[PDB]
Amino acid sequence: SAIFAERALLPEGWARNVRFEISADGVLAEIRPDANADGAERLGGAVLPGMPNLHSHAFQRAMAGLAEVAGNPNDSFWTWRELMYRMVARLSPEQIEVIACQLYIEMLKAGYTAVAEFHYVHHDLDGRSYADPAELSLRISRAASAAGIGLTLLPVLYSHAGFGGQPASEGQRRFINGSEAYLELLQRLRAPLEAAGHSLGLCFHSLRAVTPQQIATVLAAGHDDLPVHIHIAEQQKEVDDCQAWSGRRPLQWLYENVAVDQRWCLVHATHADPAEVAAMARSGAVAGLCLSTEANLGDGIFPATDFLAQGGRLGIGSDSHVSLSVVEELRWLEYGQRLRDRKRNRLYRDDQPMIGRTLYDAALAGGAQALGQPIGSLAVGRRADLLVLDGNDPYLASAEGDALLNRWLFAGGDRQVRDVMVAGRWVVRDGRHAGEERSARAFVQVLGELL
């Protein structure tokens, strides 16, 4: 197949009259700027690479917005987490699949073309395994396929309630595997994910949930071809407990004990001191920034300006899914730095003064790296994952190049995304998804069941 764009953001920058040839397997096979359409499909607006979503817990969308009730004068991340635990205790395999389908459809409409599902709900209601231990992982994969979104599934190793190998709590019963069972599940998933065109990654929930011994064991188990994700340094309490148990801060500890490199996505990394920021940047690991969730949970503001200045790599994740908006995450990534510094125009490069373009370039690259997928740019030999903005929008139509990105990211919104393609397949057209009605009906029923 082929498509033709009056305007498109290519790796070398904005181009005009670009004809893209797309192979039968959904890969960009030829890209010719300043070309004739030559039989290709007419696109309706500015074309951008699709945005990877590098961190998701799908089921949490079912409770999004419901935890905004003061139950204490100092409501915490930890009281939120207990409510989340109560939600997860109720979910059937069928409900998990329905929620994921709805969520991924909404992600696609926002311009997220691929997702890293940080998946820790493994077992049945009593913590006992399913007949097929991969049951819930397979539901996630089936949901991604139905929506048509790219997927890196990250089954999560979760074993403990806290540092020192503290026994798992009752509320964590559905998450729990030892190292051996986890490595089995991981190996078991390779074939079905591959058959669906999906990717896999290694994942430790956090330094609270797994022991140093388990990390060492898993990293030595021969899955060197996979990304590695972990929640780290999100909350001050984790920092304090790490110090108590190890004499180090969380990121400091990880870097001292593990060969962190480009395979790694460090989710949140919120409490990173200057030495930790520098170590992250040196290593080439990707900071997984989840701006809307971090604000919602009162985590704090990441030192993004310091990190970026030193060549840090980052991407964005919707995480608890209170927000599903590429616009919101990038806008408030920048705005948070502005509020902290009380200055404007914080996140730019030495070779790129445009804020919107800086943010988009950064999150594309980091997102692609964290997912371990051939995405994040419109280049020959990368997958045909793209967005088409509204060519009829007066702001976008009057803008050119990087100014168009500024209008969208800082003055516009989600509904400026009109059409979306993933793996060379049209999955959103005129803001609508072919499965949205069926999904909404199933989803509203599930929401009722969960009350």
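Here, rigid core means the biggest group of C-alpha atoms that superpose within 1.5 Å across both forms. The first residue of the shown sequence is 1; numbering continues from there.
Relative to the displayed structure, the C-alphas of 36 to 44 lie farther away on average in 4 other deposited structures of this protein than those of the other candidate, with 36 to 44 and 394 to 402 compared after rigid core superposition.
Between 240 to 248 and 149 to 157, the larger mean CA deviation from the shown form in 4 other deposited structures of this protein, after core superposition, belongs to 240 to 248. The PDB entry reports B-factors from which the mean C-alpha value can be compared for 47 to 55 and 61 to 69; the larger average falls on 61 to 69. For the two regions 290 to 298 and 208 to 216, the entry's Cα B-factors average higher over 208 to 216. The residue among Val388, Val422, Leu409, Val27 whose C-alpha carries the highest B-factor in the deposited model is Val27. Highest CA B-factor among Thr270, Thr152, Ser129, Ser325, as stated in the entry: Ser129. Among the modelled residues of the chain, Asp350 sits in the highest third by CA temperature factor in this PDB entry.
In the deposited entry, the Cα temperature factor of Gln187 sits in the top third of values across the chain's modelled residues. The deposited CA B-factor of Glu194 belongs to the highest third of values across its chain. Among the modelled residues of the chain, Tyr112 sits in the lowest third by CA temperature factor in this PDB entry.
When all modelled residues of the chain are sorted by CA temperature factor, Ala275 is found within the middle third.
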